[PDB]
Participant: 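The structure's right below; bear with me while I get my questions together.
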Amino acid sequence: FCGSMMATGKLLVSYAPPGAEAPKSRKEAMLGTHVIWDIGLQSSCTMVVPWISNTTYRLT
Amino acid sequence: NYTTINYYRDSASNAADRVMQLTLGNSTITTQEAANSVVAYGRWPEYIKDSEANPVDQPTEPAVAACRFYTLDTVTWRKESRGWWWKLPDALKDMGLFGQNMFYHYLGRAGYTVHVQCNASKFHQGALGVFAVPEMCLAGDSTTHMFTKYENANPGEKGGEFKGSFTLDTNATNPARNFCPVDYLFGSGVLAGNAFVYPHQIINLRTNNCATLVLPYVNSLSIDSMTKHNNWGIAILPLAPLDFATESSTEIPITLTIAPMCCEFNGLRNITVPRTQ
Amino acid sequence: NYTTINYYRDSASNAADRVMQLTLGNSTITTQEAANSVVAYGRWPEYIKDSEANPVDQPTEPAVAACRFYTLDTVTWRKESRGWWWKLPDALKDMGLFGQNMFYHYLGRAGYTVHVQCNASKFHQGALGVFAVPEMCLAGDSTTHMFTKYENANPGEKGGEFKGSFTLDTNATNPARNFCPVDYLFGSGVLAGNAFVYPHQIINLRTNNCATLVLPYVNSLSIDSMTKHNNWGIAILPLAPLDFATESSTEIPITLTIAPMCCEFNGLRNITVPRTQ
């Protein structure tokens with residue numbers, strides 16, 4: 001987050017494994033993997049997308 | 001003796017019986033005229049092991065909420081019936097909390113207990129082959145290869161019927177894009193008589209009223225998408241046609257009861273709403 | 001000294017802090033401005049013990065499938081808001097597999113984690129009392145006692161609002177048969193200022209953004225019908241009215257996230273479809 005120190009907010013970063021419709025709203029997105037990021041003294045947040053695949057490898 | 005030495009790093013470069021009771025959750029099945037029960041490939045369904053887990057997020061295991069018997073729509077066996085097929089987990093997509101977990105998660109895995117029920121008197125004739133086919137791919141009805149659409153490939157609990165003869169869909173404007181499973185070709189260009197290589201049971205009306213198949217989760221992956229991929233296919237064929245006392249017009253119901261087993265789901269999101277037929 | 005001797009058989013005849021993370025299933029809540037978390041009556045939710053099990057049939061415990069956070073509809077806090085109420089498990093009757101298990105079983109039991117969220121700047125004012133009331137009975141709006149109908153008593157995830165003053169429903173032909181909860185009477189003929197005898201937390205906008213209440217299953221029975229009986233009632237009242245920079249017309253959202261805990265269901269049948277409003 002590269003806003004001012006005086007800015008505050010909460011974001012939701014979501015990963016949806018494939019198969020269903022791509023989430024078009026936060027209500028759909030919160031049903032998948034996700035992290036709620038609080039923007040404060042720490043301006044960075046890491047979301048790990050876990051390895052969730054049917055195949056042992058994915059194509060590039 | 002001979003001597004072998006590998007000159008490369010990658011190893012690829014190297015040279016070459018009758019009375020039974022089944023209780024799952026709050027469901028129970030009693031049988032008195034059973035022909036035993038088959039465990040497909042001798043492997044009982046199980047949960048993913050930590051040594052084979054691809055997804056990292058914690059799975060959900062509904063256990064009894066979803067690991068229970070659901071009864072599908074009954075079909076009718078007549079003299080003219082050619083057979084029926086269902087796809088798993090497709091046949092259970094609208095069955096309690098199992099379908100809910102199926103559509104709320106990106107990845108799903110489950111074995112099955114399939115119980116086919118067909119009771120008839122001691123004056124009836126007929127045999128049903130009940131086959132569990134992994135990756136039960138079915139042939140389409142058009143000159144276009146692999147042209148069957150998702151809606152028809154996933155009929156649901158009703159399943160589909162086999163056909164006596166192959167019919168080609170010539171409607172160019174509005175193609176059916178449906179399956180055309182021929183009974184004697186097993187719907188996949190293979191003679192039905194060889195279908196017994198698959199796990200199976202025969203319901204001979206003089207011997208047994210039911211068949212039970214315990215299908216382990218079979219796939220090239222430890223866990224997959226249940227909405228995209230049907231792990232199993234249940235095919236029922238009349239091996240011996242139904243007959244009764246020469247009265248004719250006789251028809252007896254066949255009921256199918258499937259219990260998913262060891263259900264694991266990963267990748268929770270908003271629910272999937274597939275396009276309908 | 002004195003001497004006591006019982007002359008009867010039946011004994012009745014005898015003489016007389018800020019940073020927190022909550023993970024349930026596939027749901028996680030992070031808070032940085034929390035005022036700690038309250039465990040109602042100091043009792044954590046738990047499963048029925050064999051020493052207290054009334055029903056004999058095996059329960060179903062959906063665990064992560066239902067023991068997860070569901071977020072209700074957000075309400076708006078204004079200067080004129082009098083407060084809101086929800087009923088548990090009623091507020092979760094349409095929430096994933098929890099509601100499915102709730103309506104497929106005759107008996108259900110669950111504790112709760114209630115997380116009320118209300119963020120405002122450092123230039124806002126206001127306090128919210130968040131109260132967990134066992135058996136939160138509310139007063140009706142008619143001269144007929146106990147006349148509130150089922151549809152209004154179970155609004156669902158939207159809940160209801162408190163009222164500034166009591167209004168009597170005089171419509172004889174088509175009575176509303178709705179609640180009339182007066183904010184200062186706490187909706188039950190008791191002064192709201194004493195409502196703090198119940199488990200509670202205050203969200204003071206200068207101190208905290210959220211409240212967390214861990215409600216154990218509280219009832220005169222070990223397990224009951226979730227469709228008939230609401231174990232808990234969540235009441236939110238503005239203790240201090242919302243104010244901001246004299247701009248006026250300010251309104252901030254209040255979001256409610258409830259996770260059922262230690263869910264147990266008994267008496268599986270066909271699903272219950274309650275009559276709708």
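Here is the naming used below: chain letters follow the sequence lines, and residue numbers restart at 1 for every chain. We use all heavy atoms of the structure for the numbers below, so side chains are in, but hydrogens, waters and symmetry mates are not.
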Participant: Relative to each other, are the rings of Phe162(B) and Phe186(B) parallel, tilted or perpendicular (30° and 60° limits)?
Facilitator: parallel
Participant: Hey, does the side chain of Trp44(B) reach the backbone of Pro216(B) with a donor-acceptor pair shorter than 3.5 angstrom?
Facilitator: no
Participant: Looking only at heavy atoms, which two atoms of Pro260(C) and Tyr112(C) are closest? And how far apart?
Facilitator: CA-CD2, 3.9 Å
Participant: With under 30° as parallel and over 60° as perpendicular, where do the rings of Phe244(B) and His124(B) fit, or are they tilted in between?
Facilitator: parallel
Participant: Could you pull out the closest heavy-atom pair between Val13(A) and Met47(A), with the gap in Å?
Facilitator: O-SD, 3.1 Å
Participant: Sequence neighbours excluded, which residues qualify as ring-ring contact (aromatic ring centres under 6.0 Å, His included) partners of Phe69(B)?
Facilitator: none
Participant: Which atom pair, heavy atoms only, marks the closest approach of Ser225(B) to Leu107(B)?
Facilitator: N-CD2, 4.1 Å
Participant: Please walk me through it: do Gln100(C) and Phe265(C) pass side chain to side chain contact (heavy atoms under 4.5 Å, CB included)?
Facilitator: CA-CA 11 Å; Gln100(C) 299 301 339; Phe265(C) 302 92; over 6 Å; no
Participant: Could you tell me whether a side-chain N or O of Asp10(B) sits under 3.5 Å from a main-chain N or O of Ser13(B), the two making a donor and an acceptor?
Facilitator: no
Participant: Does any N or O in the side chain of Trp85(B) come within less than 3.5 Å of the main-chain N or O of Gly159(B), such that one atom is a donor and the other an acceptor?
Facilitator: no
Participant: Measure across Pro274(B) and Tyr150(B) and return the closest heavy-atom pair with its distance rounded to 0.1 Å.
Facilitator: CB-CE2, 4.0 Å
Participant: Can you see which heavy atom on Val218(B) is nearest to which on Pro134(B), and at what distance?
Facilitator: CG1-CB, 4.1 Å
Participant: Using the side chain to side chain donor-acceptor pair (under 3.5 Å) criterion, which residues pair with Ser43(A)? Sequence neighbours excluded.
Facilitator: none
Participant: Do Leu242(B) and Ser81(B) come close enough that some side-chain heavy atom pair is under 4.5 Å?
Facilitator: no
Participant: Could you walk me through whether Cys263(C) and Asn101(C) pass the side chain to side chain contact (heavy atoms under 4.5 Å, CB included) test, one step at a time?
Facilitator: CA-CA 9 Å; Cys263(C) 300; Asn101(C) 285 267; over 6 Å; no
Participant: Which heavy-atom pair separates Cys180(B) from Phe166(B) by the least distance, and what is that distance?
Facilitator: SG-CD1, 3.4 Å
Participant: Which residues satisfy the side chain to side chain donor-acceptor pair (under 3.5 Å) test with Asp57(C), sequence neighbours excluded?
Facilitator: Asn266(C)
Participant: Thinking salt bridges, do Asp224(B) and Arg109(B) make one under a 4.0 Å N-O criterion?
Facilitator: no
Participant: Can a cation-pi geometry be assigned to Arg177(B) and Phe147(B), taking NZ or CZ under 6.0 Å from the six-membered ring centre and within 45° of the ring axis?
Facilitator: yes
Participant: With distance as the sole test, does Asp90(B) use its side chain to make a donor-acceptor pair with the main-chain N or O of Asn230(B) at under 3.5 Å?
Facilitator: no
Participant: Mind running side chain to side chain contact (heavy atoms under 4.5 Å, CB included) on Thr113(B) and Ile29(B) for me, showing each step along the way?
Facilitator: CA-CA 11 Å; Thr113(B) 302; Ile29(B) 301 178; over 6 Å; no
Participant: Does any N or O in the side chain of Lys87(B) come within less than 3.5 Å of the main-chain N or O of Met136(B), such that one atom is a donor and the other an acceptor?
Facilitator: yes
Participant: Quick one: does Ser14(A)'s side chain have a donor or acceptor within less than 3.5 Å of a partner on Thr33(A)'s backbone?
Facilitator: yes
Participant: Listed by chain and number, what are the side chain to side chain donor-acceptor pair (under 3.5 Å) partners of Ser142(B), not counting sequence neighbours?
Facilitator: none
Participant: Under 3.5 Å, is there a donor-acceptor pair between the side chain of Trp37(A) and the main chain of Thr46(A)?
Facilitator: no
Participant: So, the side chain of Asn6(B) versus the backbone of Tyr8(B): is there a donor-acceptor pair under 3.5 Å, distance only?
Facilitator: no
Participant: Could you list the residues that satisfy side chain to side chain donor-acceptor pair (under 3.5 Å) with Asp169(B), not counting sequence neighbours?
Facilitator: none
Participant: Would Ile48(B) and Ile223(B) satisfy side chain to side chain contact (heavy atoms under 4.5 Å, CB included), going step by step from the backbone distance to the final call?
Facilitator: CA-CA 8 Å; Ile48(B) 301 177; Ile223(B) 191 168; 3.8 Å; yes
Participant: Enumerate the side chain to side chain donor-acceptor pair (under 3.5 Å) contacts for residues 194-218 of chain B, please, sequence neighbours excluded, ordered by first and then second residue.
Facilitator: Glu33(B)-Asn209(B), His115(B)-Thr212(B), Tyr217(B)-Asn219(B)
Participant: Do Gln277(B) and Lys149(B) make a side-chain contact, defined as non-hydrogen atoms from C-beta onward lying under 4.5 Å apart?
Facilitator: no
Participant: Counting only N and O atoms by type, is there a donor-acceptor contact under 3.5 Å from the side chain of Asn152(B) to the main-chain atoms of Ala176(B)?
Facilitator: yes
